[PDB]
Amino acid sequence: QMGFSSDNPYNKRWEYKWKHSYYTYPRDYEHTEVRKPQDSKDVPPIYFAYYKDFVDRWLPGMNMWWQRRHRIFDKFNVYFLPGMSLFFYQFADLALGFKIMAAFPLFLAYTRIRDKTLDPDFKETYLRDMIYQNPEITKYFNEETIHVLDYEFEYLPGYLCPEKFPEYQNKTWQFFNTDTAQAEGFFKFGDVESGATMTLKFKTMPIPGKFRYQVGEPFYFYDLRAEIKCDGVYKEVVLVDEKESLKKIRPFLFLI
Amino acid sequence: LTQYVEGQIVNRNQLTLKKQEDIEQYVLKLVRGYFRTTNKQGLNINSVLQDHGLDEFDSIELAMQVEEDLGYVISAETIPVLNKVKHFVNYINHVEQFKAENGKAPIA
Amino acid sequence: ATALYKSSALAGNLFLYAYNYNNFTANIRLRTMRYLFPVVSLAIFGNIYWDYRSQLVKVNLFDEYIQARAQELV
Amino acid sequence: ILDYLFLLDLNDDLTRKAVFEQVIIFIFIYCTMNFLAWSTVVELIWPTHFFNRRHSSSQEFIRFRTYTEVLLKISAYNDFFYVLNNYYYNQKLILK
Amino acid sequence: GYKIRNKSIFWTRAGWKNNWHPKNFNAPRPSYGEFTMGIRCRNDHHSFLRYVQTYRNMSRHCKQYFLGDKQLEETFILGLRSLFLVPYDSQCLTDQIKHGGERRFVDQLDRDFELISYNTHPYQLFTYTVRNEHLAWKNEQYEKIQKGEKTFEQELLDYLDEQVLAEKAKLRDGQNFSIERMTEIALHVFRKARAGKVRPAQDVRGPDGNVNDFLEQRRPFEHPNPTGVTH
Ligand SMILES: CCCCCCCCCCCCCCCCCC(=O)OC[C@H](COP(=O)([O-])OCC(O)COP(=O)([O-])OC[C@@H](COC(=O)CCCCCCCCCCCCCCCCC)OC(=O)CCCCCCCCCCCCCCCCC)OC(=O)CCCCCCCCCCCCCCCCC
Ligand SMILES: CCCCCCCCCCCCCCCCCC(=O)OC[C@H](COP(=O)([O-])OCC[N+](C)(C)C)OC(=O)CCCCCCCCCCCCCCCCC
Ligand SMILES: CCCCCCCCCCCCCCCCCC(=O)OC[C@H](COP(=O)([O-])OCC[N+](C)(C)C)OC(=O)CCCCCCCCCCCCCCCCC
Ligand SMILES: Nc1ncnc2c1ncn2[C@@H]1O[C@H](COP(=O)(O)OP(=O)(O)OP(=O)(O)O)[C@@H](O)[C@H]1O
Ligand SMILES: [Mg+2]
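See the structure below:
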């Protein structure tokens with residue numbers, strides 16, 4: 031689900047990605063039809079530029095943190111960092127080093143809250159390169175004739191089944207994370223040339239690559255399935271199966 | 045739901061096709077109504093808009109008109125692939141099927 | 075004289091905004107003036123009236139003391 | 004009623020800092036200076052715009068019509084222009 | 038009349054007539070993954086779709102004030118396309134611009150749209166003024182036609198059709214009534230009609246046919262020179 035959403039009707043999956051060059055915000059939201067001069071309000075009210083920045087930039091930003099508040103309720107952010115801040119805050123008047131060591135854990139929490147509340151963005155260019163290499167998909171779909179009908183991609187809440195992914199039954203990892211960092215979603219596609227539609231379901235998880243401490247790909251498609259539907263033909267393509275992928279690579283278990 | 049037409053306020057009417065034959069006729073009537081279209085009678089279901097004096101910017105004006113007549117909210121990611129009459133017919137069907145199965149409009 | 079001049083100069087700014095109302099109101103390049111012109115106008119009015127009000131209080135304190143202290147000395 | 008409104012005082016400003024009375028003098032000068040400089044920069048784009056739009060065209064390239072040149076040709080033509088077009092059409096396209 | 042004589046007028050340190058990548062010291066250099074830790078860049082691949090939506094917005098938001106005038110909507114489109122086609126038809130190699138011409142033009146069009154959303158763009162106010170002056174002249178013709186009266190434009194067309202007949206009835210040696218000849222006849226009438234507006238035709242003399250108008254004149258008592266002294 032898209033966390034950052036304003037009252038704008040167009041391009042919901044790009045609202046947080048697009049960086050406009052406007053000095054301020056437009057008077058009205060993007061029109062879905064031709065309106066009349068009296069439908070809109072000339073010379074908008076005083077303090078309108080500030081009101082827009084609050085309802086178009088601030089408010090949808092706070093709705094993102096509220097929508098994904100379940101990913102920051104870990105014992106490290108809830109108890110450790112606030113407690114560390116209070117221990118040095120009692121000595122803030124003795125020296126400056128206490129003021130610093132009391133505010134650092136708060137800036138650290140905001141950074142984890144900041145990165146954890148963002149909409150999960152996979153490398154979509156890697157994905158389209160993967161499906162356009164399959165012959166069963168290029169038979170009905172092409173980039174010059176494909177269009178998106180729906181898009182959903184959100185993290186999975188809580189820990190998963192402790193038999194398929196025993197990695198997350200680690201009390202040290204659980205101390206920093208309350209979620210799994212995995213995401214699940216789908217892609218509703220259509221081809222205007224062949225008239226075909228397909229639902230591209232996918233599951234992602236972070237994996238390590240080529241290095242010891244750093245993550246290789248935070249969103250690695252370990253399950254990728256396509257249910258293609260045409261005029262009178264229904265096909266089911268399996269680009270990535272989880273039974274064969276989970277035997278080669280395991281999740282990463284982010285810390286901090 | 046009202047719009048100005050030559051200085052007069054007129055109530056706008058929306059259409060519901062829900063039929064293949066009604067779509068092919070609407071798109072042709074739509075493309076033939078655009079002042080940039082050439083060879084309006086030579087236009088058929090398999091006509092490339094490039095062959096009738098239309099470019100990428102003209103497909104936008106056509107899509108903008110589809111939103112006016114049908115009430116759809118077409119995203120910017122879908123417009124640049126509408127380069128043939130066949131494309132508008134299949135896209136309109138995909139939208140009618142999406143609302144009939146998912147009970148909601150496609151992502152804008 | 076100072077309060078009357080500073081009041082006329084403040085009124086002059088109101089004319090400048092009225093004489094150029096269409097630009098300050100409709101042109102977004104002048105939005106900051108539309109939004110903050112009255113805040114500056116109030117802060118200017120406050121200084122004008124503050125000084126007049128304070129001066130008025132002191133004059134009245136001075137007048138009531140010389141009258142009271144004089145009768146004691148009589 | 005709060006004590007924050009005491010900042011409006013200037014009769015007794017010499018009791019705290021006596022600085023406001025001299026700083027604004029610079030601010031007025033700084034504004035005057037930027038007014039002369041910025042007005043000179045943003046105003047003096049017109050000589051370049053006037054010369055290029057009247058002397059920059061060449062025969063080995065195509066001059067493309069602008070928005071204003073479209074509205075003027077189609078929605079700002081005079082009577083003589085309307086007469087000349089219809090005059091050419093009737094003589095050649097109709098009367099040969 | 039006058040041509041630039043300097044042969045090196047279009048020379049730049051980046052080449053001839055190069056206005057896409059001027060030569061600067063801090064030139065773009067490549068980046069290598071194995072050796073790159075972090076990077077801060079604003080470039081993305083969203084300029085294409087932003088180029089599409091920007092058109093849809095500038096068009097739909099401008100039509101709010103056209104009042105359903107179909108001839109104006111089509112005219113505005115032609116003008117709007119001339120603004121979006123600048124990168125595709127310019128001599129400047131927009132594909133070789135310093136840091137991405139795609140992002141540059143899109144960010145520029147976004148500043149125009151912001152003003153359009155407020156109906157403060159000089160193209161909008163110029164279109165309204167131009168159109169109102171056009172309709173006032175078209176309505177004057179309509180009011181004169183409903184009364185059966187003849188328009189000043191039709192009187193010229195009829196006066197030019199008969200002059201062509203008079204000039205071609207004597208052009209028997211040749212029979213090529215060129216477009217050049219048709220033109221100079223019309224221009225001669227235009228010059229006389231143009232001067233007639235300021236000095237109308239009182240008598241058989243015709244438009245601007247009185248010498249007395251060019252004798253010494255004086256400002257009227259009720260309208261003297263307001264801007265300067267007279268003596
Ligand atoms: C050598 C001897 C030295 C003598 C010293 C004196 C030198 C001369 C001083 C001249 C400047 C002062 C002007 C005095 C009036 C003179 C008459 C005149 O204007 O000339 C003929 C003038 C025509 O000018 P023109 O030269 O023939 O041709 C002009 C062109 O056509 C083009 O048309 P246009 O309209 O665009 O032209 C505008 C024209 C004329 O513009 C006008 O409309 C004139 C009106 C100017 C008003 C001045 C502000 C006063 C505000 C109202 C105060 C009211 C107090 C009482 C309230 C009682 C009710 C509660 O020029 C001006 O705008 C003059 C402005 C002068 C600069 C003011 C800058 C102020 C900031 C600096 C402050 C410095 C401290 C001193 C400030 C003192 C303020 C009291 O006549 C008219 O304009 C008729 C106006 C009819 C309708 C008026 C309706 C009332 C408008 C009031 C505005 C309200 C503002 C918002 C409320 C503010 C109050 C809170
Ligand atoms: C006991 C008192 C509690 C402590 C008070 C804390 C006050 C916090 C608010 C003031 C600080 C503002 C600093 C902002 C600096 C950065 C600008 C910015 O906001 O970016 C937003 C950005 C906006 O997005 P962006 O700027 O990152 O990118 C936008 C991308 N485009 C342009 C494409 C759209 O979003 C965020 O940063 C995340 C949301 C942070 C929310 C900020 C705190 C909100 C607090 C809400 C609760 C307050 C309760 C009090 C109210 C009581 C009733 C009156
Ligand atoms: C009484 C005094 C002490 C008050 C408390 C401590 C105050 C700390 C200093 C406040 C400074 C305010 C004025 C400056 C405004 C900031 C300027 C700025 O650049 O910020 C932009 C930043 C932008 O950050 P950004 O990361 O999104 O983008 C910036 C990226 N770079 C750096 C590359 C440019 O946005 C902020 O305002 C963040 C400031 C966060 C500070 C808030 C501390 C509290 C943390 C939240 C509460 C957590 C509690 C625990 C929760 C547990 C789980 C629920
Ligand atoms: N090779 C690069 N060189 C310089 N800057 C880059 C590079 N790649 C990314 N950046 C910056 O990092 C940002 C994020 O990159 P990212 O690939 O996640 O964007 P994206 O829109 O999610 O791509 P995709 O659609 O394939 O998922 C980019 O917007 C860019 O500013
Ligand atoms: Mg992505």
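Protein chains in written order, with the entry's author numbering: chain g, 31 to 286; chain q, 45 to 152; chain m, 75 to 148; chain c, 4 to 99; chain h, 38 to 268.
Yeah, the Cβ is synthetic: ideal placement off N, Cα and C, and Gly gets one too.
Practice problem: Out of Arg-42(h), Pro-59(h) and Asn-43(h), state which residue places its alpha-carbon closest to the alpha-carbon of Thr-49(h). | Solution: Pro-59(h)
Self-check item: Rounded distance between the beta-carbons of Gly-220(g) and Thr-227(g), thought under 8 Å
Solution: 5 Å
Quiz item: In chain c, which residues lie with their C-beta within 7 Å of the C-beta of residue 15(m)?
Solution: Because chain m is modelled from 75 through 148, residue 15(m) falls outside the range shown and cannot be assessed.
Quiz item: Would DSSP call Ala-79(g) helix, strand or coil?
Solution: helix
Quiz prompt | Alpha-carbon spacing of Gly-225(g) relative to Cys-260(g), whole angstroms | solution = 7 Å
Quiz item: Does the Cβ of residue 183(m) lie closer than 7 Å to at least one heavy atom of ligand 1?
Solution: Past the edges of chain m, shown from 75 to 148, lies residue 183(m), and the structure says nothing about it.
Exercise. Could you confirm whether any beta carbon from chain c is found closer than 8 Å to the beta carbon of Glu-190(h)?
Key: yes
Quiz item: Can you name the residues of chain h whose CB is closer than 7 Å to the CB of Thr-43(c)?
Solution: Correct list: empty, because the minimum Cβ distance to chain h is about 22 Å.
Self-check item: Anticipated Cβ contact below 8 Å, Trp-203(g) with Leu-283(g), distance rounded
Solution: 5 Å
Quiz prompt | Rounded distance between the beta-carbons of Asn-55(h) and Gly-137(h), thought under 8 Å | solution = Actually they do not touch by this definition, with Cβ atoms about 17 Å apart.
Quiz item: Is it right to say residue 100(c) is buried, meaning 16 or more other beta carbons lie within 10 angstroms of its own, or is it exposed?
Solution: Outside the displayed range of chain c (4 to 99) lies residue 100(c), so it cannot be described from this structure.
Self-check item: Buried/exposed call for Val-143(h), threshold 16 Cβ in 10 Å
Solution: buried
Self-check item: Chain-ordered neighbours of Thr-122(q) on chain g, where CB pairs are closer than 8 Å
Solution: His-177 and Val-178
Exercise. For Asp-58(g), I'd like the list of residues in its chain whose CB is within less than 7 Å of its CB, leaving aside the five on either flank, ordered along the chain.
Key: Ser-70
Practice problem: Could you tell me if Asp-16(c) is buried or exposed, where buried requires 16 or more neighbouring beta carbons within 10 angstroms of its beta carbon? | Solution: exposed
Quiz item: Quick one: what does DSSP say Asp-180(g) is sitting in, helix, strand or coil?
Solution: strand
Quiz item: Mind checking whether the beta-carbon of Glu-154(g) lies closer than 7 Å to any heavy atom of ligand 5?
Solution: yes
Quiz item: Sorry if obvious, but does the Cβ on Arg-79(h) come closer than 7 Å to a heavy atom of ligand 4?
Solution: yes
Quiz item: If you check the beta carbons only, do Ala-120(q) and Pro-39(g) fall under 8 Å apart?
Solution: no
Quiz item: Taking the alpha-carbon positions, what's the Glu-111(q) to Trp-88(g) distance?
Solution: 30 Å
Quiz item: Nearest-angstrom Cα distance between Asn-90(q) and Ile-67(q)?
Solution: 14 Å
Practice problem: Please list the segments of the beta strand (DSSP E) lying wholly inside the stretch 236-265 of chain g, counting only runs of 3 or more residues, in order along the chain. | Solution: 245-259
Quiz item: Under 8 Å between the Cβ atoms of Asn-57(q) and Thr-46(q)?
Solution: no
Quiz item: Hey, does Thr-99(m) have any beta-carbon neighbour from chain g nearer than 8 Å?
Solution: yes
Quiz prompt | Contact the stretch 107-117 of chain h vs the stretch 71-85 of chain g: 3+ CB pairs below 8 Å | solution = no
Quiz prompt | Under 7 Å (Cβ pairs) to chain g, residues found in the stretch 54-67 of chain q | solution = none
Self-check item: Pocket of ligand 1 (residues with CB nearer than 5 Å to any heavy atom), chain order
Solution: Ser-82(m), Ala-83(m), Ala-85(m), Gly-86(m), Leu-88(m), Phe-89(m) and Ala-92(m)
Quiz item: Between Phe-103(h) and chain c, is there a C-beta pair that is closer than 8 Å?
Solution: no
Quiz item: Anyone know if the C-beta pair for residue 321(g) and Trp-96(g) falls short of 8 Å?
Solution: With chain g running from 31 to 286 in the structure shown, residue 321(g) is simply not present.
Self-check item: Proximal residues to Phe-111(m) (C-beta, below 7 Å), its chain only, five neighbours per side dropped
Solution: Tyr-91
Quiz item: What are the residues of the stretch 227-256 of chain g that lie near chain m, defined by any Cβ-Cβ distance shorter than 9 Å?
Solution: none
Quiz item: Nearest to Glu-204(h) by alpha carbon, out of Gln-191(h), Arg-218(h) and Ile-46(h)?
Solution: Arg-218(h)
Quiz item: If you measure from the CB of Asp-6(c), is any heavy atom of ligand 5 nearer than 7 Å?
Solution: no
Quiz item: Since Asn-43(h) is in the alpha helix (DSSP H), which residue starts that stretch and which ends it?
Solution: Counting along the chain, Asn-43(h) falls outside any alpha helix (DSSP H), and DSSP gives it neither H nor E.
Self-check item: Contacting residues, own chain, Cβ-Cβ under 7 Å from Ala-149(q) (five flanking each side not counted)
Solution: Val-117 and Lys-143
Quiz item: According to DSSP, is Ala-213(g) helix, strand or coil?
Solution: strand
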